[PDB]
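Student: One structure is given below, represented as C-alpha cells, and several questions about it will come after.
Number of protein chains: 4
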Amino acid sequence: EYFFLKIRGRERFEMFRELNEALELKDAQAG
Amino acid sequence: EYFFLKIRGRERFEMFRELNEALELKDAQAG
Amino acid sequence: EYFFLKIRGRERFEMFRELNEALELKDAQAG
Amino acid sequence: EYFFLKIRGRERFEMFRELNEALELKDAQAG
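Residue numbers (the deposited numbering), protein chains in the order written: chain B, 326 to 356; chain A, 326 to 356; chain C, 326 to 356; chain D, 326 to 356.
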C-alpha cells in the first residue's frame, strides 16, 4: 500500500498527475 | 528537479514506473 | 480530425483505452 | 494481436503514440 515514486521530470509528472486524478475519479464515479 | 508523487497501486505505479523508464530510454535513442 | 492508431497488443490498447475513457469523462467535468 | 482504435485527440494520440513506441522499444530489448 502506498508506493512513493520520484521522477526528475515535471512533464512526466503532469501526465501521471492526470492519470492519477483520472483513475481516482473513475473509482468514485464507478465504485 | 524532482517532483514526488504518491502512487497507491501496483498497476498505477507500474504504469508511471514503466512510463518513466520508457521515457528515459527515448532520450538515449533521440538525444 | 481523427488519428487512427493500430495498437499492437492487448495491454497497450487496454492502456490507451483507459486513458481515452478517463480523459473523455474528465473533460466533461471541466467543460 | 492487432487492435484498431480511433483517437479524436491530437494530444491524447501523441501520448499513446509515445507510449506505444516507448513500450515497443523496451519489449524488443527483452523479448
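Every residue, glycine too, gets a C-beta built ideally from N, C-alpha and C.
#1: State buried or exposed for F329 (chain C), treating a residue as buried only when at least 16 other CB atoms are found within 10 Å of its CB.
#2: Helix or strand or just coil, what does DSSP make of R333 (chain A)?
#3: According to DSSP, what are the bridge partners of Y327 (chain D)?
#4: What separation, rounded to the nearest whole angstrom, lies between the Cα atoms of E346 (chain A) and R333 (chain C)?
#5: Which residues of chain A have a Cβ atom closer than 8 Å to the Cβ of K331 (chain D), listed in chain order?
#6: Check the Cβ-Cβ distances between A353 (chain A) and every residue of chain D, and say whether any is below 8 Å.
#7: Determine whether the Cβ of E326 (chain B) lies closer than 8 Å to any Cβ atom of chain A.
#8: Going by the beta-carbon positions, is the gap between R337 (chain B) and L350 (chain A) smaller than 8 Å?
#9: Mind pulling the chain A residues with CB within less than 7 Å of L348 (chain B)?
#10: Thinking just about the alpha-carbon of each residue, which of B:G356, B:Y327 and B:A353 is nearest to the one in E339 (chain A)?
Tutor: By the coordinates alone:
#1: In the third sequence, residue 329 (chain C) corresponds to position 4, counting from 1. Exposed.
#2: Start at 1 with the first residue of the second sequence, and residue 333 (chain A) comes out as number 8. Here DSSP, grouped into helix, strand and coil, assigns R333 (chain A) to coil.
#3: As a first step, residue 327 (chain D) is located in the fourth sequence; it is residue number 2 there, counting from the start. Note: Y327 (chain D) sits in a beta bridge opposite C:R333.
#4: What you label residue 346 (chain A) is simply residue 21 of the second sequence in a count that begins at 1. What you label residue 333 (chain C) is simply residue 8 of the third sequence in a count that begins at 1. Rounded to the nearest angstrom, the two C-alpha atoms are 20 Å apart.
#5: Here the question's residue 331 (chain D) lines up with position 6 in the fourth sequence. Result: empty, since nearest Cβ-Cβ is about 22 Å, beyond 8 Å.
#6: Taking the first residue of the second sequence as 1, we reach residue 353 (chain A) at position 28. For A353 (chain A), the answer is no, since every Cβ of chain D falls outside 8 Å of its Cβ.
#7: Against the first sequence, residue 326 (chain B) aligns to sequence position 1. For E326 (chain B), the answer is yes, since a Cβ of chain A falls inside 8 Å of its Cβ.
#8: For the purposes of this step, residue 337 (chain B) is taken as residue 12 along the first sequence, with counting starting at 1. For the purposes of this step, residue 350 (chain A) is taken as residue 25 along the second sequence, with counting starting at 1. Using a Cβ distance threshold of 8 Å, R337 (chain B) and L350 (chain A) do not count as a contacting pair.
#9: Within the first sequence, the letter at position 23 stands for residue 348 (chain B). Contacts between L348 (chain B) and chain A, judged by CB atoms closer than 7 Å, involve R337 in chain order.
#10: Taking the second sequence and counting its residues from 1, one reaches residue 339 (chain A) at position 14. Comparing Cα-Cα distances from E339 (chain A) to each of B:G356, B:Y327 and B:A353, the minimum goes to B:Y327.
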